[PDB]
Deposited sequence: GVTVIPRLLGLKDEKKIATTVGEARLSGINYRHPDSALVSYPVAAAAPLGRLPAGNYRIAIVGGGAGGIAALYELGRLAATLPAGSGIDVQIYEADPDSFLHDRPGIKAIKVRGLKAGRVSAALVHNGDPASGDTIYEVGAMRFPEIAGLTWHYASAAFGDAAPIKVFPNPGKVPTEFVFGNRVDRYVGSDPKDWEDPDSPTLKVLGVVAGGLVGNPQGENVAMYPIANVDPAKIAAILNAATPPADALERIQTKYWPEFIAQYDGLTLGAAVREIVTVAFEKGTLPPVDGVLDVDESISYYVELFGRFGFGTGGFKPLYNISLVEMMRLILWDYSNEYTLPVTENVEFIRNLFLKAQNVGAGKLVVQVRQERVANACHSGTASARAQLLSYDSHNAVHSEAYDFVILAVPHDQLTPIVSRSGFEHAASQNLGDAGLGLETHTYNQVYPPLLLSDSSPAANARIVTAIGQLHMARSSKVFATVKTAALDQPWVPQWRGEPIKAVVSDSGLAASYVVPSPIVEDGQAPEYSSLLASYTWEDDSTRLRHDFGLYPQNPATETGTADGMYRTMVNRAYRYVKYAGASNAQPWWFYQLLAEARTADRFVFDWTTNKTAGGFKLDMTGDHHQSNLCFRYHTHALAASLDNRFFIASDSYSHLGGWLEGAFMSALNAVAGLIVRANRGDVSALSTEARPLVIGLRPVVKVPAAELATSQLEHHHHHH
């Protein structure tokens, strides 16, 4: 059944537990305030006003409301992005960003009467993203309507790889133009081999607990599993999967699966003519371009099988939209709701400042220091009781890695190489303080953060009349125009998304949404970085013409006598001249789009995911928590940012209670105690 409201989606994934946190359903943990704080007047900083920082603010507001008369929380939120919604009370971006939730409003002079929205970052939300939908309910209510995201396969789709063309909806051969397609056949082989069957015989190549992944997904998503089953997944079976397969790439796993299927005769020689290795390779690459429901994962073939398996267990591709004009509205509404729930006990101030350094210093009550620069490069220093560092890993690195790894009598911190003013701190310890006695422990967390993999990504947009889809040369599936195109043209994945400002006259032509090497191949043509146009009134016309030129390819369709230039070239050219656009996340200060783990990376990302458990070590007294999708096992999803925020606040509560986990609610306790601790000594 298709979910139709926020509440329907919310309930669908409410119990789902991810395999690295299999003892807890984050939505259940988040149902009530996470815990209790001692009486006091707290001074907290949140660095970053994206999904992570704003979810953390919301949870702090819920905590604040439980404080007794005379107590409260003050939060300073640092947000360097001048386009953040936090600083706002033709293509417009000002006020339309919340980090990587980022809209561009296409208008003709009056932004209150726009044509369309480009969703530059986050855009499609898994049904089983339970924490995402929990917060969407807080922001919009359960009754608010949602739509199926128009992914390849969800709407009529054209797929092109090499000489192969397909036109399809879903996976039922009755809905494919060629029901005998090799593409659909290889999908079945690769899906059988990776996911397997929820009932009956185990057919998957890479079992978890000796069974198909499908069977484990059903346990992870149960209300009342075995408890014993979740513990065994958490402590035994998922760790054993990691031990076996964290060194195996997705691309290698696809090839293994295809090889066995080819040997068995489930897949035929390609064309009847290619030799064994050529046939296997063709199928591997065909599947690579086709994907799992959101376009080709070829560019993602270097991720570990472990990372892919997380997405498989989550049924990640089954996605919806939010009940918004622009996705940034979600984060803005959560910010406003934070302030409302705090019931007067939370006070929030926004600083348009870039944090340059964090440390612990001095001997005062508040020892968590932040050094920042304002928009005219003036320096500021402030000390806090606790700090949540809600920025992704490459943005976190300069803040946490330049103070060394142990006690220092004095340091002059700041951006001295930029010629900016430094600040002297005394009796200095690193911010990410895992040990009082081991510089290597402090170095492990810093070095791990700095070597996480930020996947590269870019989006090319234009504005097109929706009626362009009705041109005679746009193909149809049962009378509905093709609205998604997945191709090896260099464009990778393309979408003709109806404007949300409304049938709408205009659509957002997401001409190219690329990852990893697909993005690298395009980057030389972008012209201006990270955004072309850099101005509200420019147009990235030259850039966009290079994308139309990539689509200028002769494509042969079955039964046709000759190839003609691809119809998609014609569609791209139908976009208006004004408002052509590219955003390159790679050349944004994030240094890419979102974390995806390579082989071996589990050790690094999982350390970050578990970092908040430092709060168990009472005498350590570390005041810094981290909150981003970079510090999760769902990089590239709001779910990851939100999970990491929940971890950070849970840890903060434990720390504020000097290591006492009974200060967490019963439901929230496993956020801390269901993970391996990052401090072995001291115990707690």
Would you mind checking the deposited sequence against the model and listing the stretches with no C-alpha coordinates? 1 to 15, 105 to 108, 522 to 525, 708 to 721
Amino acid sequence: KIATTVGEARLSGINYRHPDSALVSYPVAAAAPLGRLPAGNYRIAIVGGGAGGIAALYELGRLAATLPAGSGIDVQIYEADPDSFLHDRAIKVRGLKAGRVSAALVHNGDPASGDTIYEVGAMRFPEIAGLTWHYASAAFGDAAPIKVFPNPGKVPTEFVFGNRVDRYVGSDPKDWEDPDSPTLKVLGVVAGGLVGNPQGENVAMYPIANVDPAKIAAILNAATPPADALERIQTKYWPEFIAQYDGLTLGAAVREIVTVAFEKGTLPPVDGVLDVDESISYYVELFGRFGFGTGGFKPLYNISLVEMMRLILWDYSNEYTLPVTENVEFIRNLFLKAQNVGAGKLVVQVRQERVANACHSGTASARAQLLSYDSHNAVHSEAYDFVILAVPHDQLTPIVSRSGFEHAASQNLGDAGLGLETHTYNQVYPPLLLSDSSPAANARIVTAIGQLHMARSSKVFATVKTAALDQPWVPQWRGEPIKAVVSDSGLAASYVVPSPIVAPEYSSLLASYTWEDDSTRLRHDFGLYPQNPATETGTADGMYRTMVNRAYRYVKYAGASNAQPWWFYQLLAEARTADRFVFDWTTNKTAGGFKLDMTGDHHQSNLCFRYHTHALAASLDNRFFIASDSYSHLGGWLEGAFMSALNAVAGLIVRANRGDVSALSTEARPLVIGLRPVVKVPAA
From here on, numbers count along this sequence of modelled residues.
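Between two forms, the rigid core is defined as the largest C-alpha subset superposing within 1.5 Å.
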Is the larger C-alpha RMS shift in 5 other deposited structures of this protein, relative to this form with the rigid core superposed, found in 434 to 442 or in 504 to 512? 504 to 512
Rigid core superposition result in 5 other deposited structures of this protein, more deviant of 130 to 138, 312 to 320 by Cα: 312 to 320
Return whichever of 110 to 118 and 509 to 517 has the greater mean Cα B factor according to the PDB record. 110 to 118
Going by the B-factors listed in the PDB entry, is the mean over the C-alpha atoms higher for 608 to 616 or for 467 to 475? 467 to 475
Top residue by Cα temperature factor, when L371, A364, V486, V190 are compared in the entry: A364
Quick one: which of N318, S458, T546, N210 has the biggest Cα B-factor according to the entry? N210
Rank-wise, by C-alpha B-factor, drop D228 into the lowest, middle or highest third of its chain. highest
Chain-relative C-alpha B factor for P239 (record values, thirds): the middle
Sort the modelled residues of this chain by their C-alpha B factor and say whether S644 lands in the lowest, middle or highest third. lowest
Entry-reported C-alpha B-factor of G419 relative to its chain, by third, is highest
Sorting the chain's CA B-factors, does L286 end up in the lowest, middle or highest third? lowest
